[PDB]
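Remarks on the overall topology
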Amino acid sequence: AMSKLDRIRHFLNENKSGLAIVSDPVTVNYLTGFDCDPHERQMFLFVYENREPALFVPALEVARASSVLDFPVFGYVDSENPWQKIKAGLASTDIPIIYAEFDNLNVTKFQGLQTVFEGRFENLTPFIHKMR
Ligand code: NA
Ligand code: NA
């Protein structure tokens with residue numbers, strides 16, 4: 001009955017978190033069936049506890065992602081600041097507890113996410129391993 005995104009949302013809800021930020025391309029593909037290596041660019045899947053998800057990708061990937069996902073996809077061209085684009089595109093960025101994949105995120109991306117999101121980050125990686 002439960003989809004993989006349903007399982008993420010159940011986990012968030014159990015742990016009083018409004019949002020998971022999924023960054024590992026392997027996890028994005030696992031959860032959604034969209035397979036993308038962003039290389040050095042930004043990709044994040046935003047799995048809200050009680051809203052539809054959104055995927056943020058380089059602009060080049062928006063058409064393909066949109067063709068295989070049934071929730072909103074948005075992106076950025078290289079002349080745009082991706083942190084500003086995320087902030088402008090997401091309605092909700094004040095979430096007290098946010099889950100993210102600490103084994104995947106580098107400190108640079110973590111610092112970027114911290115410029116967008118007001119809240120405390122917790123580690124999603126153990127749950128992702130448990131799912132698989
Ligand atoms: Na779509
Ligand atoms: Na912050």
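Residues numbered from 1 in each chain as written, not as in the entry; some residues may be left out. Chains lettered and ligands numbered in written order. Heavy atoms only, no water.

The name the PDB entry gives the protein chain is Dipeptidase, with Streptococcus thermophilus as the organism. The PDB lists this entry under the title "The Structure of a Creatine_N Superfamily domain of a dipeptidase from Streptococcus thermophilus".

**Regarding the side chain of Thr-32**
Within the secondary structure layout, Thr-32 lies in helix 2 (residues 25-32). Under the relative-accessibility criterion, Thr-32 is labelled buried at 17%. One polar contact links the side chain of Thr-32 to the main-chain carbonyl oxygen of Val-28, over a distance of 2.8 Å. Looking at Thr-32, its side chain comes within polar contact range of the main-chain nitrogen of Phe-34, at 3.1 Å. Apart from the residues lying within four places of it in its own chain, the contact partners of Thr-32 are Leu-5, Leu-45, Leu-69 and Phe-71. (Helix = DSSP H or I, 4+ residues; strand = E, 2+ residues; numbered from the N terminus. Buried < 20%, exposed > 50% of the residue type's maximum accessible area, 1.4 Å probe, protein only. Polar contact = N/O pair within 3.5 Å; in protein donor to acceptor, adjacent residues only side chain to side chain. Contact = heavy atoms within 4.5 Å.)

**Observations regarding helix 5 (residues 107-116)**
For helix 5, the set of buried residues is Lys-109, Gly-112, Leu-113 and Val-116. Along the axis of helix 5, the buried positions cluster into a sector of 95 degrees, meaning they face one direction only. Of the exposed residues in helix 5, the ones pointing more than 90 degrees away from its buried face are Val-107, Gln-111 and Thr-115. Each element contacted by the buried residues of helix 5 is listed here: strand 1 (19-22), strand 2 (44-48), helix 4 (82-89) and strand 6 (118-123). (Arc of directions from axis to C-beta.)

**Notes on the packing of helix 1 (residues 4-14) against helix 2**
Two elements in contact, helix 1 and helix 2, have axes whose closest approach is 7 Å; the angle formed by their N-to-C orientations is 110 degrees. Of the possible angle classes, the one that applies to helix 1 and helix 2 is roughly perpendicular. In contact with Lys-4, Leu-5, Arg-7 and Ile-8 of helix 1, helix 2 contributes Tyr-30, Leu-31 and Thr-32. Classifying every residue of the contact of helix 1 with helix 2 by side-chain character gives 4 nonpolar, 1 polar and 2 charged. (Axes fitted to C-alpha atoms, helices over the stretch in contact; angles between N-to-C directions. Parallel < 35°, antiparallel > 145°, perpendicular 65-115°, else oblique. Nonpolar A, V, L, I, M, F, W, Y, C, P; charged D, E, K, R; others polar.)

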